[PDB]
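A.B. asks: If you want the working numbering, it's the 1-based position in the sequence shown plus 419.
In this text, a Cβ means the ideal position worked out from N, Cα and C, and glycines have one as well.
Have a look at this one before I ask anything.
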Amino acid sequence: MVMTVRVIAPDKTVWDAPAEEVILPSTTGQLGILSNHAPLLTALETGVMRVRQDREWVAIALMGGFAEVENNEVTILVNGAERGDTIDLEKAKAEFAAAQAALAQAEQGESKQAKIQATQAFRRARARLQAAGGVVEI
C-alpha cells in the first residue's frame, strides 16, 4: 500500500520511516522511487533528499552512499547522515577553503586521487550544510 524508506550508516543504523514517494538527485539527475517500484539497486552522491509520506515532506542531508529499493524497502548505506541539524557557518567556510587548498595541493604534489570527487564532495557538503537551514538572509 505504501513504501518504506530506511537510512543506514557504516557505523550504525539511522532509522526506517514510511513514504509514498522519494525524489532526489541521482546519476541521471532525477530519481523517483515509489512503493510499487521493483527491487533494484542504485547509487547516489552527496546531497540532500526529499521524502513525501502523503501531504507533508521532510528533508535529510545524506552524503555519498548507496541506495537500493525493493518491496517498499529502501536501504541507504551512506557514510554520513544529517537530520538538517548540521548547519554550521564555520563548516561552510572551512569546506570551501579545505577544498580549494586540497585540490591545488593535489596537483602540487598531494593526494590527487579524485579532482572532481574532491571538489564536488567539499562543494556539495558545504552547499547542503548551509542549505539545511544555516543561512537564509544576511
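What is the DSSP secondary structure of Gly466, counted as helix, strand or coil?
C.D. replies: DSSP places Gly466 in strand when its eight states are reduced to three.
A.B. asks: Classify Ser530: buried if its beta carbon has 16 or more other beta carbons within 10 angstroms, exposed otherwise.
C.D. replies: By the 10 Å Cβ count, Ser530 comes out exposed.
A.B. asks: Hey, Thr465 and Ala550 are a contact pair by Cβ (cut 8 Å); roughly how many whole angstroms apart?
C.D. replies: Rounded, the Cβ-Cβ distance is 12 Å, inconsistent with contact.
A.B. asks: When you compare the CB positions of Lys510 and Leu548, do they come within less than 7 Å of one another, or not?
C.D. replies: Yes. Within cutoff.
A.B. asks: What does a CB cutoff of less than 7 Å around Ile506 pick up in its chain, not counting 5 residues either side in sequence?
C.D. replies: So the list reads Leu548, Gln549, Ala551, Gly552, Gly553, once near-sequence residues are dropped.
A.B. asks: With DSSP collapsed to three states, give me the class of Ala480.
C.D. replies: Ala480: strand per DSSP, three-state reduction.
A.B. asks: Would you report the Cα separation of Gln449 and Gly483, rounded to the nearest angstrom?
C.D. replies: If I take the Cα positions, the gap works out to 16 Å.
A.B. asks: Below 7 Å between beta carbons: does that hold for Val424 and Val493?
C.D. replies: Yes; because the gap between Cβ atoms is below 7 Å, this pair is in contact.
A.B. asks: Taking the alpha helix (DSSP H) that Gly499 belongs to, which residues open and close that run?
C.D. replies: Taken as a continuous stretch (DSSP letters only), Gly499 belongs to no alpha helix (DSSP H), as it is neither H nor E.
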